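Here is the naming used below: chain letters follow the sequence lines, and residue numbers restart at 1 for every chain.
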Amino acid sequence: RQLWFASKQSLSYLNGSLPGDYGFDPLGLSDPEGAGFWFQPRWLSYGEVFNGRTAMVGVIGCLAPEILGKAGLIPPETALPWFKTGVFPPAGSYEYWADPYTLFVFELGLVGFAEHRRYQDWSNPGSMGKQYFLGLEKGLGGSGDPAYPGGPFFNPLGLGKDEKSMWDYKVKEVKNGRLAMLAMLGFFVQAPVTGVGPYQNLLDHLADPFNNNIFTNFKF
Amino acid sequence: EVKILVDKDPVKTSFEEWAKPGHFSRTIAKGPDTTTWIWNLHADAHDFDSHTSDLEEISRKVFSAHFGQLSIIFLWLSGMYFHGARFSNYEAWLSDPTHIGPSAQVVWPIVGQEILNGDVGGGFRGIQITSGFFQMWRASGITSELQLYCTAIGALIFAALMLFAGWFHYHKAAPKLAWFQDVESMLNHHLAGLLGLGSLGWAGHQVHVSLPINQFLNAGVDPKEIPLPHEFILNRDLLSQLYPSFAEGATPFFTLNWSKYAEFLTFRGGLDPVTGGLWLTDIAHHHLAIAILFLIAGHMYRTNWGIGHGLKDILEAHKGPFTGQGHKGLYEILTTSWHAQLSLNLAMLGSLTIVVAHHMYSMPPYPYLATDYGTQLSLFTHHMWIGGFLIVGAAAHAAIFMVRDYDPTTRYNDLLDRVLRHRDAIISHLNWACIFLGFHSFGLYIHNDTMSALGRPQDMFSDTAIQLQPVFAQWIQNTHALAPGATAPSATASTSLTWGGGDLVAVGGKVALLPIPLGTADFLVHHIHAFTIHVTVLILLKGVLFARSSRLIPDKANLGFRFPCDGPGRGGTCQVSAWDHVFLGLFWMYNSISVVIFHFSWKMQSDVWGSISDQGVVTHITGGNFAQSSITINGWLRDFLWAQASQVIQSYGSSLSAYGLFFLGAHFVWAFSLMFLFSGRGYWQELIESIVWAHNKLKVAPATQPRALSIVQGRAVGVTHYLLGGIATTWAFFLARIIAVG
Amino acid sequence: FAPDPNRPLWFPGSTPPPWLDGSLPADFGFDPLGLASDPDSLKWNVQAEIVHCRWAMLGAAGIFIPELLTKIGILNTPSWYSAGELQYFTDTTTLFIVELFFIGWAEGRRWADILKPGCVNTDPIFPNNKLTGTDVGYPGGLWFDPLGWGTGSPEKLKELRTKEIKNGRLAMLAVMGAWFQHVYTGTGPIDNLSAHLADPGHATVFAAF
Amino acid sequence: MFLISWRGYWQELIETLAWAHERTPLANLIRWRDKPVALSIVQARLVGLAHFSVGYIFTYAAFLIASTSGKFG
Amino acid sequence: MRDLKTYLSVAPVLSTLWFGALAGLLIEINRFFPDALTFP
Amino acid sequence: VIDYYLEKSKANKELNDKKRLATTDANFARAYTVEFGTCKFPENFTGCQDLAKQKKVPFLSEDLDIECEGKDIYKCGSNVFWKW
Ligand code: CLA
Ligand code: CLA
Ligand code: CLA
Ligand code: CLA
Ligand SMILES: CC(/C=C/C=C(C)/C=C/[C@@]12O[C@]1(C)C[C@@H](O)CC2(C)C)=C\C=C\C=C(C)\C=C\C=C(C)\C=C\[C@@]12O[C@]1(C)C[C@@H](O)CC2(C)C
Ligand SMILES: CC(/C=C/C=C(C)/C=C/[C@@]12O[C@]1(C)C[C@@H](O)CC2(C)C)=C\C=C\C=C(C)\C=C\C=C(C)\C=C\[C@@]12O[C@]1(C)C[C@@H](O)CC2(C)C
Ligand SMILES: CC1=C(C/C=C(\C)CCC[C@H](C)CCC[C@H](C)CCCC(C)C)C(=O)c2ccccc2C1=O
């Protein structure tokens, strides 16, 4: 197996049993000895997969309005950089049907109902297929693996029937999650340095590459 | 290998042990039979190594106690910011800091106490504060009361966070002993992480929020029209007008053209004439350099990769023909004894606090701090007292380590062994030094007093008589005054105005700082200081060195660290424990610090502080009477104690009336302590025997049998009351004098 | 009223505390602070919740029914928030003292019931008039249960009591809601409801800055 | 000093001075004839009380005589 | 619950509650009946 | 630029002095509300600061009104909201 900056400590517990395993753990965060709460091997893999899943959607969320508005698809005023949509009021904001602080409460309620239910699966595997939830609990029983629930809702197409395809898909998903993680970190770093959006940054670089980079942008 | 090591749910969270007082110790948990129990519960509350012999269990307890202390400190800071935001005249003081006295406490109108709301100016009535918070807030760029409210809310949130962290790390995730003993990682993180990153962040705040707002303030623009701090980050153009170099961005930093940042990163020295404090451009550069120095320092030790040092390796390689094996064995001692680490850290912190006190008056960092005499005197005295107390605690805990954790069979060290093998020579030499210094310092004062009383002023030790000039300190002053020209060419002015550069800084018709002259009187007080410091060192070192055994008591270790005596035998064996030595050394620390603060007060009021007119004439508070009057004890009695106490004794019926009341109360408590210090418990137990009879006659005798205080407890009560009364007397007298006349 | 270990919980997937068993009506396993750990504390708290629920139900009716009819015009009652400072046939102090006397007699007899169950079921003046209730908190009789719905099967009784407890909890929330809404908005509750229904995206708490 | 500090501290300190004298050249030629010991427990109380009383009497005598003789009432 | 009530019955907690109530009572009496030298 | 904000402060000296007087007077009267009779038992169910914007208490409302005046929408340092 290909190893990227491994160690004796890393290879003791990183044995290839997890998808996207390259023995990379310089700081020993996944060591099973004396591990609990936030720093345990089973919470960290779930956190990696979950964070990659949100980052994968977030990259498209940031890139879609700016790309569509650079074409003639969506109205210009709805095509904004991700930091000018109201998420960062100093950089500008948009006027929606509801106040942003009222939208925050609605999102808080919905997302809380989702995430507390997600957590009770981790803290109690089969718990959420038992109590009445308007009949949806029939498909919210989990699978015993917190990051891979499956079922009628979360895996409706029923892909990865055999083990060899499920493992390959898990590898691809963790790899794309890592790549989108890096992409969103790049977005966050580029936003203050260069005052424009990621797509404008891309276009301005393949127009005159030697005058649009970090070396030039050590001025803002 | 260095890794996180925790234990899950070690102690269950329940109220059952709250209902059982004394649960932490075997003896106390059984309940009380006499009143002594009630005291024993409070004296052993935090003596964790006496509760259990497990090092891990003790370490977890101290780790959570630190979180509790941090929560209390955050609550205190939140209260200070909230009172600044809600009950203060800060916004009026900002527009006129030279004519308005800071105030952040307002009393209620009850039982006539509303007289304490005095005229501090700015259309405000309150109590004048001497903490210096107003100048620090002005330096930080704080301009409105809203930003203080947000700071109070944040400090409350942080206090809640620390309390939750303490509970979580004692009851849910308790770190193992190996985690605590990872000293290399702790040193690396505290040097690079805490200090380096903290100073870097503060430097960023200063170059982004402090420098521009203070430039606007020092230019004379209204605080309510200064742009908000974030406006100096949003449009960089506002920042490119005060300093055009900001137009270049971070390109000069990465291309190594640092002189392009000379506008806001300077090496000036001296004081800002408009402000009377250190240049903010100097302070930002200081913090930016300190950040780099500490970030590089925090990379010295080896944690998980090959690079770095081993502390044990460094210790074991330092030995010589006079010191045997050297420092070998010290790593084992300092990684298994909490008391030795506490002793070392207490000594270093107490020494650093005194340095802070000395440096803050000579180089006022905050704006309008030098001309606020009440704040300067209060800060100096406060930090001197804190340093002295921490230094005494260092000796106490070194003695505790010697009594309990010392073990030559398993934790031998050559240096400590060799020190214990010639302690007689050390103690006798320090005794001789103390006697010599006491004579040649205090007896000169007696000689001067007798010569003055005999009508022979020409036979005294004075500047107009037999001279004793501090030539070495004068040479150091002259050398530091010439530094900008030869030894610090890049510096524009000397590091302080007191070295002798022949300039004075005046702010609002008041003298900030000027060259401080040294003469015979200073020669006298400095040796007085040295004598008292040496006596305190003698008392504490004799207790530390002779704690385990002496020729009188071969087995003093079996008696413990804190015991009254070993009986009236051998002529009398009172106060032979190491605890008594701390009890005695507290008095001498008090004496030394009192003399130091008296010296500071008189010198500042006589030769530095004062007023300046629009002619060029300086008039000091006491008119330069220190040189000719501070050389006799009668001079201190008359021109300092009698003359300057005239304020606190005529403060009745004014806003300063609370200081005379505290003056009398402190005198009363100081006198009260002498009952405990001069007597013994055998008389008091016999006296209690008669009162118990009177109670039994009326069937009101309590089941908890009344006991006189223990021999050690009476000493503790006496010394605590003595120190409280003494320190409060000076607190009230100093504050009244410097608020009325300053 | 038997144990119910499979009842719906306030926090699905959690474990109810051992003292919260399921025999009491309207039990969802909600006691995170352990306020009812002792059996005596639970006995006292059940009665406290019952009386709070009933008082808040009466209060919710008295605030919300008259103020809805004012907005329709069937009535012209004043605002509930300031109805206490108006002038009546007597000053407020003597009204409060008379209420203290009457309600104190009633509450003292209820206290005697709580401390000793049988104790006060009989008329002090006319020995033949008795309260037919059996459990504490449900006095029964012709005075407190004229229609006889208070007694019945041990299965319909549990749901009849659960409805009361849940309605009382809702009214308890609603009374404080109306109070704080009047404090922070300066107008009536039905005005608040209509304004929020007109502009749900903006007419909320955050519409104060 | 005599009323606050007690004997054992002083005895343990006198032991070191005895060693220092016994080890100092040109001073070994001189020997004490009575062994130096600290003051007794009762002796120290008496000495401290005597100093306290003498200071108490002299301070007030000086103050009274000087204050009544500066102005003669 | 029982243990917490036992803890609140300990001497220092009861003492601070009692003296706080006493201080409040005396303060309010002095606020509404100030400057009393005699008993009319 | 400094000598532009000096011009700005010259034209608004009186207005800023009236802000300072109001904000210090409110800070002092916060300790005297009950004696004055402005914020007490039946109306102090919440803060006297909360009562300042719903009842017009004498001294804690002048500060609220004067606090931001002549300032823009997002440039009053004493109120985050001001003109929202
Ligand atoms: C070290 C921190 C610290 C310190 C020393 C102070 C000190 C002070 N604050 Mg303060 N404060 C702080 C932090 C601090 N605060 C923080 C963090 C906040 C933000 C929440 C505040 C918010 C604040 C406000 C809003 C006010 C003060 C006020 C005051 C002053 C009067 C306080 C008083 O009388 O208590 C009030 C009395 C009590 C709290 C009672 C003590 C309770 C103990 C537990 C005993 C309980 C017994 C009880 C009283 C008896 C009845 C019980 C019942 C069962 C019968 C006083 C100078 C007041 C002031 O200056 O007025 C001009 C004021 O209005 N503070
Ligand atoms: C860069 C990393 C870092 C930082 C910033 C700190 C900072 C601190 N440590 Mg620390 N520590 C570290 C790494 C670090 N440590 C490591 C790696 C070890 C193991 C070898 C330890 C072991 C250790 C012990 C055993 C003790 C400390 C203590 C302290 C505090 C000293 C008191 C003080 O100066 O108040 C400064 C106060 C502040 C700066 C206020 C802000 C508080 C900071 C920001 C919180 C620190 C968060 C922490 C680094 C990570 C949080 C974990 C995360 C899951 C939330 C201080 C907060 C002492 C203490 O007081 O314990 C509570 C103590 O007894 N540390
Ligand atoms: C961070 C510093 C620090 C820490 C962690 C400790 C920790 C400890 N010390 Mg220590 N100490 C310190 C600083 C420190 N000390 C300093 C600075 C001194 C010099 C004064 C001492 C002197 C000292 C002695 C002499 C002894 C200890 C002892 C102890 C241990 C038991 C403590 C205990 O149960 O107290 C319980 C706490 C109390 C009984 C509370 C006392 C209250 C004080 C006296 C009142 C303070 C006045 C107050 C500020 C004013 C209030 C006014 C009033 C009207 C309200 C414990 C390990 C004892 C021990 O056996 O160690 C093993 C012991 O004999 N220490
Ligand atoms: C003002 C009162 C006072 C004075 C003068 C002293 C004096 C002394 N104490 Mg001390 N002490 C006091 C109060 C005082 N104490 C109190 C209240 C306490 C309780 C906390 C202590 C606790 C204490 C301890 C715990 C220790 C001392 C020590 C010392 C000695 C330090 C060495 C020194 O300076 O010798 C020089 C002598 C003097 C300064 C005395 C004045 C002499 C002048 C010059 C006049 C002499 C002229 C001439 C000889 C007269 C001869 C005339 C002829 C007719 C007789 C010294 C004898 C330390 C010690 O013994 O170390 C050596 C020590 O360890 N003391
Ligand atoms: C989750 C995430 C981002 C999610 C973003 C979302 C939902 C964005 C949403 C929005 O855009 C839209 C949709 C629309 C906008 O209008 C609103 C917002 C809200 C703006 C990024 C994670 C980003 C996570 C990142 C970048 C993590 C990086 C971690 C690294 C590199 C760690 C490496 C190590 O830990 C190892 C591997 C081994 C150790 O031993 C050594 C070290 C080195 C410590
Ligand atoms: C909200 C409330 C109680 C809330 C308590 C809660 C949530 C406690 C929760 C917890 O403890 C548990 C459950 C479990 C613990 O482990 C956790 C916590 C969280 C600690 C009571 C309100 C109770 C509210 C009540 C009883 C209100 C009654 C109102 C009346 C009678 C009004 C009458 C009037 O309005 C009219 C009718 C006409 C007007 O003109 C005149 C007046 C008089 C104003
Ligand atoms: C005065 C004195 C005493 C007597 C002092 C005692 C016993 C202090 C204890 C009494 C105080 C007042 C505590 C008693 C108060 C109760 C804890 C609570 C009382 C209830 C209310 C009044 C609060 C000694 O025991 C003693 C021992 C050794 C050397 C010197 C001395 C010494 O000087």
Next item on the list: With sequence neighbours excluded, tell me which residues meet ring-ring contact (aromatic ring centres under 6.0 Å, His included) with B:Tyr149.
Entry: B:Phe82
Next item on the list: Answer yes if the side chains of C:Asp31 and C:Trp19 hold a donor-acceptor pair under 3.5 Å, and no otherwise.
Entry: yes
Check: Ring centroid separation for A:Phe106 and A:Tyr101, is it under 6.0 angstrom?
Finding: no
Note to self: Can you see whether A:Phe133 has A:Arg117 sitting over its ring - NZ or CZ less than 6.0 Å from the centre and within 45° of the normal?
What the structure shows: yes
Item checked: Set of ring-ring contact (aromatic ring centres under 6.0 Å, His included) partners for C:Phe11, sequence neighbours left out -> none
Note to self: Would you say the ring centers of A:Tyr96 and A:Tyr94 fall short of 6.0 Å from each other?
What the structure shows: yes
Margin query: Within the supplied structure, the quantity of interest is the number of heavy atoms (other residues, nucleotides, ligands) at a distance under 6.0 Å from C:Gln87 CD; does it exceed 12?
Written below: no
Check: C:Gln181 and C:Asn192: side-chain donor and acceptor closer than 3.5 Å?
Finding: yes
Checklist line | Pi-cation contact, C:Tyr138 with C:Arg161 (under 6.0 Å, within 45°) | finding: yes
Check: For F:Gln54, which residues count as a side-chain hydrogen bond (donor to acceptor under 3.5 Å, both in side chains) partner, sequence neighbours excluded?
Finding: none
Next item on the list: Step through the shown structure and confirm whether more than 12 heavy atoms of other residues, nucleotides or ligands are within 6.0 Å of NZ on F:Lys83.
Entry: yes
Check: Can F:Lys40 and F:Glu43 be counted as an ion pair, charged N to O under 4.0 angstrom?
Finding: yes
Notebook entry, point to check: Do C:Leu24 and C:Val46 come close enough that some side-chain heavy atom pair is under 4.5 Å?
Noted result: yes
Checklist line | C:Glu67/C:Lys71 ion pair, N-O < 4.0 Å | finding: no
Next item on the list: Return each pair, listed once, that meets side-chain hydrogen bond (donor to acceptor under 3.5 Å, both in side chains) where at least one residue sits in residues 108-118 of chain C; pairs must be two or more places apart or across chains.
Entry: C:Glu107-C:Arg110
Checklist line | Sub-6.0 Å ring centroid separation between C:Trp10 and C:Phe30 | finding: yes
Margin query: Which label fits C:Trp80 and C:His182: parallel for a plane angle under 30°, tilted from 30 to 60°, or perpendicular past 60°?
Written below: perpendicular
Next item on the list: Could you walk me through whether F:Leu60 and F:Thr33 pass the side chain to side chain contact (heavy atoms under 4.5 Å, CB included) test, one step at a time?
Entry: CA-CA 9 Å; F:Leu60 300 148; F:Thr33 83; 4.2 Å; yes
Next item on the list: Evaluate the ring planes of B:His171 and B:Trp167, with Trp represented by its six-membered ring, and classify them as parallel (under 30°), tilted (30 to 60°) or perpendicular (over 60°).
Entry: parallel
Next item on the list: Could you tell me whether a side-chain N or O of C:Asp145 sits under 3.5 Å from a main-chain N or O of C:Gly150, the two making a donor and an acceptor?
Entry: yes
Note to self: Applying side chain to side chain contact (heavy atoms under 4.5 Å, CB included), can you list everything that pairs with E:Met1, at least two apart in sequence or on another chain?
What the structure shows: C:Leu35, C:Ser37, C:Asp38, C:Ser41, E:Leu4, E:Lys5
Next item on the list: Inspect the contact between C:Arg7 and C:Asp27 and indicate whether a charged nitrogen and a carboxylate oxygen are less than 4.0 angstrom apart.
Entry: yes
Notebook entry, point to check: Is the cationic atom of B:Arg86 (NZ for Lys, CZ for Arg) positioned less than 6.0 Å from the six-membered ring centroid of B:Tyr81 and within 45 degrees of its normal?
Noted result: no
Note to self: Tell me if the centroids of the rings in F:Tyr74 and F:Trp82 come within less than 6.0 Å of each other.
What the structure shows: no
Next item on the list: Give the minimum heavy-atom separation between B:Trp108 and F:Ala31, together with the two atoms involved.
Entry: CD1-O, 3.5 Å
Check: Quick one: side-chain hydrogen bond (donor to acceptor under 3.5 Å, both in side chains) pairs with a partner in residues 200-209 of chain C, sequence neighbours left out?
Finding: A:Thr102-C:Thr204, C:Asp199-C:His202
Margin query: Tell me whether the rings of F:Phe36 and F:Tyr32 are parallel (<30°), tilted (30 to 60°) or perpendicular (>60°).
Written below: parallel
